[PDB]
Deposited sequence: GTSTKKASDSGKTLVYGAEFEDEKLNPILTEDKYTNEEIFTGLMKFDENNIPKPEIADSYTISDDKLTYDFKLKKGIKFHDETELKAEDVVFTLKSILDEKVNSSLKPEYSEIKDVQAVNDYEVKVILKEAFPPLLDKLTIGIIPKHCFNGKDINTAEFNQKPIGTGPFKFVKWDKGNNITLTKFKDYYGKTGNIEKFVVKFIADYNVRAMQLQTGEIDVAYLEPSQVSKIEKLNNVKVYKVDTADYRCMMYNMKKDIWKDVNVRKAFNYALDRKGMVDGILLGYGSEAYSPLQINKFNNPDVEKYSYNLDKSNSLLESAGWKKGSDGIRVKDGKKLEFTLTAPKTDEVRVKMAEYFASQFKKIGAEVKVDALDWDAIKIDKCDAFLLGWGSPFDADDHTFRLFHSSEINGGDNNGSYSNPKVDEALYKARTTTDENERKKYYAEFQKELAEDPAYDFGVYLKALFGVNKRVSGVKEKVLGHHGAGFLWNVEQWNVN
């Protein structure tokens, strides 16, 4: 069934499941021991069975025999051991290493049976082991960081790599020997189009099939007779990072005040135009969300009635230091700078002078900024975007440190009983409400314009910028 074209707004860096955390073309070329299903639950993929011991420290996998890479080489436990051990390799220096560092060792006791040993109990291990397995033989004479594999990948996904034109497109075609049952499309081309206006016209002409839409352009793509617009809930949220290195935020009442000075629903209508929801929780869409924590209910008078007791007064000053900072917000996510523009201008009504800076990611250092507009949230396990974000620390960049939040996130990370994992995640959220690390804003809605000739799309809670909207493209149908 011919070709399906995707107009991606970001271009891949390396086509290796390790070294990269982005859910770009890697999601169509590689698969792992597990794979998230329709309900964002990791189900066996490359492995056919697994069982855990009574301490929960040993994950006894058993692999499907005959799994072939793109080069028609059989996948064995060597490659699974190679992929997971190369993450923890100190010299490879992967970005995902702190996310797998609770693994003691990954053992191969059989060509088709892998054993994963942890340091301590880690229930969300199967969530992380959905990482793609790479062939070990393609790396012997190379060093894995600068290997040619990152230019021509070989994996076990339903679409093998074909061609990559830098700055233009990545070419894949249907892998006939793929183990999963598949739809009818035979070619998948990912066009890198950063300007959302070109994506709209390429959807209008039909030059592309799918495109992540900004909220402002949905009203026109709606009128298109050849495009359907998908509006689906995500776990992606934006916020403001309270850099704890700044004494302006060491008083918690100042942060609670700044949280009180935001019209988040007015932000849902101003910037999102209703395609979103006010943010108050680090795990709002997660099943372990605490519905009754202290949300900061747009209390303009409480913000102005917290700074003066905290010491800040004019009409802006405490001890002569004048209450002003700089809010950093990167470009190519123009919702964020519009949020920052709205953030600073709405903090003017409480006597704060903020300088908003729209900069490029290659010039921003988050841990050096007074306040940064972050973009986090994940629809998988509650440990994904919480431990590495609200701990002494992963890459917690706001220097946040709460002793009860540290323990609450560690118990839920280490305890098996999910009903009590709810308990610890509920106490962490409650403590995060009174001791805020972030100034939460809005939760986002993924907007995709899909051509009317495409079938098979199944919605679910998505990740960053719609990461995982095309999770089942190998079952989508042309005509």
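- According to the record, the deposited residues with no C-alpha atom in the structure span 1-10, 326-329, 408-411.
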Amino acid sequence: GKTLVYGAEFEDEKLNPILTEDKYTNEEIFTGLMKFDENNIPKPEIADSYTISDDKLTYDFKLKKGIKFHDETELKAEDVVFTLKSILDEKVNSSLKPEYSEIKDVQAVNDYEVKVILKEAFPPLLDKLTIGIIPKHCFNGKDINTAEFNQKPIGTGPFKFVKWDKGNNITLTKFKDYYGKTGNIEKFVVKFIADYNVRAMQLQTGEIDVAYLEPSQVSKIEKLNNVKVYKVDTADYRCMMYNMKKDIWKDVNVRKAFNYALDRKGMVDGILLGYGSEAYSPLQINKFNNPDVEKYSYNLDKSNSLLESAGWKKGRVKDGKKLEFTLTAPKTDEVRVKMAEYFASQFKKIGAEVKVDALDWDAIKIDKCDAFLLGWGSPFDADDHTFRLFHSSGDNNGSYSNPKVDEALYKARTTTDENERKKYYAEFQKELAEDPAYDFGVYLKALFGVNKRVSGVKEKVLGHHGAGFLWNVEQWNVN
From here on, numbers count along this sequence of modelled residues.
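- Stretches compared: 52-60, 31-39. Higher mean C-alpha B-factor in the entry: 52-60.
- Once the C-alpha B-factors are averaged per stretch, 202-210 and 284-292 rank with 284-292 first.
- Residues shown: 127, 72, 362, 236. Highest C-alpha temperature factor in the entry: 362.
- Looking only at 380, 196, 347, 159, the residue with the top Cα B factor in the deposited structure is 347.
- In this PDB entry, residue 3 carries a Cα temperature factor that places it within the middle third of its chain's modelled residues.
- In this PDB entry, residue 339 carries a Cα temperature factor that places it within the middle third of its chain's modelled residues.
- Residue 46: CA B factor in the lowest third of modelled residues in this chain (values from the PDB entry).
- When all modelled residues of the chain are sorted by CA temperature factor, residue 435 is found within the middle third.
- Among the modelled residues of its chain, residue 67 has a C-alpha B-factor that falls in the middle third, as given in the PDB entry.
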